[PDB]
Amino acid sequence: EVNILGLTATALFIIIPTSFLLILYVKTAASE
Amino acid sequence: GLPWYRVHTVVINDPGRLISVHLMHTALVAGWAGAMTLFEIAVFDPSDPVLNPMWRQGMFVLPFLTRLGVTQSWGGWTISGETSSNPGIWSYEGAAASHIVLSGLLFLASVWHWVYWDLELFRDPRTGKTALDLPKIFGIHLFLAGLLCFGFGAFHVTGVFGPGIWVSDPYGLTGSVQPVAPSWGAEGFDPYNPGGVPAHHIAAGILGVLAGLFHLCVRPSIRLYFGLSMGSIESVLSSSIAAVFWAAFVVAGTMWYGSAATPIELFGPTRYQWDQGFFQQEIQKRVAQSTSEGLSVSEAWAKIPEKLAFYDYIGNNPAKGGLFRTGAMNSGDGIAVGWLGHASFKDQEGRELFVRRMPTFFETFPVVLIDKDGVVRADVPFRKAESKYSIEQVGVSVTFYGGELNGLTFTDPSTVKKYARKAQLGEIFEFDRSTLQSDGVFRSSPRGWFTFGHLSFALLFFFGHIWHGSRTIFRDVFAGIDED
Amino acid sequence: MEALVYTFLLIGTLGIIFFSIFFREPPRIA
Amino acid sequence: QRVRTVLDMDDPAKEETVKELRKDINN
Amino acid sequence: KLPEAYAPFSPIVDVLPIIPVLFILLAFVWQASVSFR
Amino acid sequence: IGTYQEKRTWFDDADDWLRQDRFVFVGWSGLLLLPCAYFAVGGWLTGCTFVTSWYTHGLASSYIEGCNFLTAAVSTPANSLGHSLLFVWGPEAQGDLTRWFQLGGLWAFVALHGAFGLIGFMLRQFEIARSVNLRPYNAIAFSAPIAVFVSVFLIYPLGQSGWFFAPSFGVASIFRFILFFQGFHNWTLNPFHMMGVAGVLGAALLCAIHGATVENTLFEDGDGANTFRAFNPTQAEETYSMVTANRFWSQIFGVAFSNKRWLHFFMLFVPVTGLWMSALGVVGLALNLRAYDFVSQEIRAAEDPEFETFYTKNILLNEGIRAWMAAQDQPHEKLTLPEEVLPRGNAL
Amino acid sequence: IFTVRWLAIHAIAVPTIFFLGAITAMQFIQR
Amino acid sequence: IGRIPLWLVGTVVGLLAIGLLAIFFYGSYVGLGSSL
Amino acid sequence: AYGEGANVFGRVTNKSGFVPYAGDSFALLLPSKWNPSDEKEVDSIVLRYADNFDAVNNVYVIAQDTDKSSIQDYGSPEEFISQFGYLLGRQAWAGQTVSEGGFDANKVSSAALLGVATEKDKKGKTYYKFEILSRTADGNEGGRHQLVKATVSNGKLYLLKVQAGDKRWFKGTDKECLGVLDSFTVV
Amino acid sequence: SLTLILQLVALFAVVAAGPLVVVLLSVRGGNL
Amino acid sequence: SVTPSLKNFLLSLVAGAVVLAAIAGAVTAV
Amino acid sequence: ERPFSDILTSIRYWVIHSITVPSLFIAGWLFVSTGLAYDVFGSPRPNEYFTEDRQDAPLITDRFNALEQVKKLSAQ
Amino acid sequence: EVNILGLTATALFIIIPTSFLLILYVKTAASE
């Protein structure tokens, strides 16, 4: 009946680090 | 630039930014403390303080709250079940909001010390550079820690001003928070004697204040100053990491083995007292004592309380749960609602049999029922084809002597096999699995989860201490040699 | 959604390794 | 009362108890 | 069994398999003797 | 010490004698590493040839009984001993050595002396790195094997019932330990162990790849057909063509290394991280906190008699381990199991 | 001599030779 | 110095070591641990 | 303990693979590789021994008090087999299934006679010999070889019973079982 | 036994044969 | 009173003391 | 310097070793053959694995009386 | 007890637009 706890855990552990590293990469590429 | 894993190295030569991040870290820790206490209060059910104990609900931070005095909240209930008194400001939720307020103020002070970081207090009066007299800072903090030990031991735990501590029975039946008389002898170094804790904190406080006075009065020696690099802040970072992971190892060991600072009524029972037959020991001793005083064996078991019979249950064993068996212990195999009693098994001709209790390691165990001498007399077989000890042909009958079933004698082999498989796990108990939609498999105690987290953090800070000691002894090569 | 989330994770790994092979930074300094 | 009986009562159940481990050389 | 005229010679027969293993080891002996030049 | 007078004491004479170039260096850690390590290897070697294990495990694990190098082992004390340090002078042996043996005391002797020898060996690496004035990345790497030693030989028996459940110092006893975690713990299914396996396999992969690539891109540097005679430490130029190596692996694999520092730091990082993850997993199993089962699969198997997978098969083989192996591996627990209740299927 | 190298190589040599002589005796022992 | 060749020293040491392992392997089939 | 020289170049004292045992008015030669296990299965046993590999292969003697003269007065060997059919296990599973094959309807295990005898000794005592093949629908160890030696001298019946699987039968253990049979005797 | 004695004398004759050749060539010149 | 285990610990402390003295003499020699 | 390439090649190293190494070898031989290893390290003889009172593998199952327990459970 | 769906909804509706506004603020103040 859908394990929403594991779903939101997986979703957050994907979303937060990939977004954080994308911010750092964008500021590295913009500010040489 | 600066790599992603070194962004906190900019605050090394900044006491103001260092104290700002220390303040914000304390703010975050206090905020978690308040939030977790309120979450546990929201998910807590204090209705049954016997057969639905707090450690069965996954209570992690509430036992640490209750270990030093608070027992009742704003809900009008007390975890011991005793009639609600007046907490004052210091209740579960009141203390929780106090941590939340403390977190907010530490946050605001952290922001302030971030904005104002160039204090001349962090300035060397004679050379004008940024420096800190770390031995003097240590002496001041040692004085503060000694005064805190002396206060916490001579006013709170001894109860001359504080409420005391949680002390209970040797077998976890009756216990409460009250003052304790300090034990100043060799018994004070007994791990389980609660009086050893106020005596320890008082003597530790007097030694700490004396050592703080010594470090205020006396500067270090130059050879030691150069050998350990006392002028460096990563050196004392490595030393502090060393001390904190030693303390982590000590607390994990004491929590896993039980101690005076580790109540069974607060953190659940222990795998060692499950193995060594401690609750089962007094269950059988009490039953034999009641039956040896001219009393028939049908009400002797009724004299056994619900707490002890539940303590003799391998599902309450901390060394049984799983790493990803997430949640409360009640969420694994339901909530206990009643004690069925001792399943006593009889042979057809007449001789008492006992189930071999399931060990700590096993997920599942073969059901065998052996006699007093120690030979196998019955079992739940696997083959069922060339079996000779099987219950259907040997005629094992269960009698039962407890609460809901006191005289229900079963000779049906299916029910006898079921009750044998239930009694191999300790005392049989009714569980409801529809209240929380439980799993079926056993879970781990907050004692077990605490020990796992602290042992893991102990290993990571062992590596961290080794690495930071590497950095501070080898500060020259880690900074540069310049062709030398 | 039981198998679909593992599908997302596996496709993410494949896309990341594909981009690391082709849309990589050029190898500088020798 | 009977320490002999309780030892034989629970050692069928589990053979690793403190009391059976203690003074086993007499057994 | 070995034939009748050769029966007491089974001891000098019995060691003969290991001689090729002694050969490569003899090559190593000669290389040590020439000091692996 | 900052152009001070630095009056010489006994410490400076001792330091001057310890920090000397010899055949084998001593240093300060020689006060600890040399005796602790020599006692550890001597205790293991003596227990593997003479010290029997008949009393504690009910078996033979020494050469004096009929055991080989792959059979003898310095065995752990009995489970009823719990977690005693088991001194020769303690309440156990009461000062008697010939019965301090055959009671598991030599196992504790070897384990404690080995732990302190590992401590002294990291101190060795640290102070020699100081003498050569180089970074102690070797000590950084060595922090992981001792984490494994502590988590395996100390933390796991400390969290479980006693030293009996620790690995005995040997070969076949280690294999028993391995199968013990297989059946009783399902250690393969633990994600931390999967990380440890990945770390070791990747480290061996890096070892082979780096060696082959350097040895196949090593330039000419002379006229002889033997490449090894073409190496000279006097020249400062690099031995192998890193740009050629990078092009080769970029066109074969798709990704390739560009920095020697990042290459060698990766070779440093992969086994250390894998071994620390395995150490954390064994810390988890020290508390019997297993990754043993999958809830969805066990429920689906219980409510579906025709749904089976390799995980269900693995659970069954674990039950085979427990039922047919605990009966003899745990003599203190007294498993007198009839062999018609053990799980045993068709014919076999 | 009795130097550091002498002490180390003798601490490795003497008990190992004793143990080898022991085990060569151990090989001819029968039940 | 140089009175006996180093190669001959290594060779006789190797002969003794190989014979040592040989009698060790021989003693596995007889005596203790012979499984007979 | 006391000091004594280790047996170097001093012959071996035991190679037959058997050890003597003298019990209550009976003697036998137990297999050397076997150990006793305290697991009473019919409550009438005084002696039980099992191999160290897997104890499907067992030997045990029955001390049952039965009183009617001699084994000839006990009757035919097949009648004796009919009396102790409970000794060859029991299928307590009473479910319905015609699906095993090689066995009768709603049955799991079966027993077959392979040979009976009335072997005597030097003193003139009579001994009943029994060879039974006990197969089961799982094909467990290819069946089991139940070798039974029976006699009665005093008012207590003596019934040796050597059990062994068929998987071990043709691997070199049938000689051991026959050795146990013709070494077991009652005096 | 005689069989074992002859086996050992054959073994030592064939094992010492090689090093005897090497020492003979070492003490009788060279060309190796 | 002084139990035998404590007495053995005190002799163990003396033994460790003389072992440290012995290793100190050994390293100050040679 | 003595780089071990000169110690081995000199017979002075071998004259002080042609009897000491075989001396240690025969010392170990007599040490094992006289039963002294069994006496010093507690290993039972091949004829003293089981006593007459017990015929199963020994178990300690005790801590503070384990010395006297192994004394009674070992070979006299 | 505890409405985990509402808790998650409220938590993300806080954090994601807050992080969005803050990231544009700090990136605007980084390069005025």
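Letters A, B, C, D, E, F, G, H, I, J, K, L and M mark the chains as written, and numbering starts fresh at 1 in each.
The criterion applied here is as follows: a residue touches a chain if its C-beta (ideal position, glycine included) is under 8 Å from a C-beta of that chain, and two chains touch if they have at least 3 such contacts.
Which protein is which chain? UniProt says A, M = Photosystem II reaction center protein M; B = Photosystem II CP47 reaction center protein; C = Photosystem II reaction center protein T; E = Photosystem II reaction center protein K; F = Photosystem II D2 protein; G = Cytochrome b559 subunit beta; H = Photosystem II reaction center protein J; J = Photosystem II reaction center protein Psb30; L = Cytochrome b559 subunit alpha.
A.B. asks: Return the chains shared as contacts by chain D and chain K, ordered by label.
C.D. replies: Correct list: F.
A.B. asks: Mind having a look at which chain is the central one, using mean CA positions?
C.D. replies: Smallest offset from the overall C-alpha mean is found for F.
A.B. asks: Give the chain pair, either F-I or A-C, that is connected by more C-beta contacts.
C.D. replies: When F-I is set beside A-C, the one with more contacts is F-I.
A.B. asks: Express in whole angstrom the distance between the two chain centres, defined as the mean CA positions of chain D and chain H.
C.D. replies: Chain centroid spacing, chain D to chain H, equals 55 Å.
A.B. asks: Cα centroid separation between chain C and chain L (Cytochrome b559 subunit alpha), in whole Å?
C.D. replies: Centre-to-centre distance between chain C and chain L (Cytochrome b559 subunit alpha): 61 Å.
A.B. asks: Among the residues of chain B, which ones contact at least 2 other chains?
C.D. replies: Residue numbers touching two or more other chains: 275, 370, 374-376, 383, 386-389.
A.B. asks: Enumerate the residues of chain L (Cytochrome b559 subunit alpha) that touch no fewer than two other chains.
C.D. replies: Where chain L (Cytochrome b559 subunit alpha) meets two or more other chains at a single residue, that happens at 32-33, 37-39, 46, 61-64, 74.
A.B. asks: Identify all positions of chain F (Photosystem II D2 protein) at which a residue touches two or more other chains, and write them in rising order.
C.D. replies: 26, 46, 50, 64-65, 80, 91, 94, 332-334, 336, 338, 344
A.B. asks: Help me check something: in the complex, which residues belonging to chain I touch chain L (Cytochrome b559 subunit alpha)?
C.D. replies: These residues of chain I touch chain L (Cytochrome b559 subunit alpha): 1, 3-8, 35-36.
A.B. asks: Could you list, by residue number, the parts of chain G (Cytochrome b559 subunit beta) that touch chain F (Photosystem II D2 protein) in their complex?
C.D. replies: Interface residues on chain G (Cytochrome b559 subunit beta), with respect to chain F (Photosystem II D2 protein): 3-5, 8, 11, 15, 19, 22-23, 26.
A.B. asks: For the complex, give me every residue of chain L (Cytochrome b559 subunit alpha) touching chain F (Photosystem II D2 protein).
C.D. replies: 37-44, 46, 49, 57-64, 66-67, 70-71, 73-74
A.B. asks: So in the complex, which bits of chain H are touching chain E?
C.D. replies: My answer: residues 5-8, 10-11, 14.
A.B. asks: Would you mind writing out the residues of chain F (Photosystem II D2 protein) in touch with chain K in their complex?
C.D. replies: It is residues 14, 17-18, 26, 30-31, 35, 87, 89-91, 94-95 of chain F (Photosystem II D2 protein) that touch chain K.
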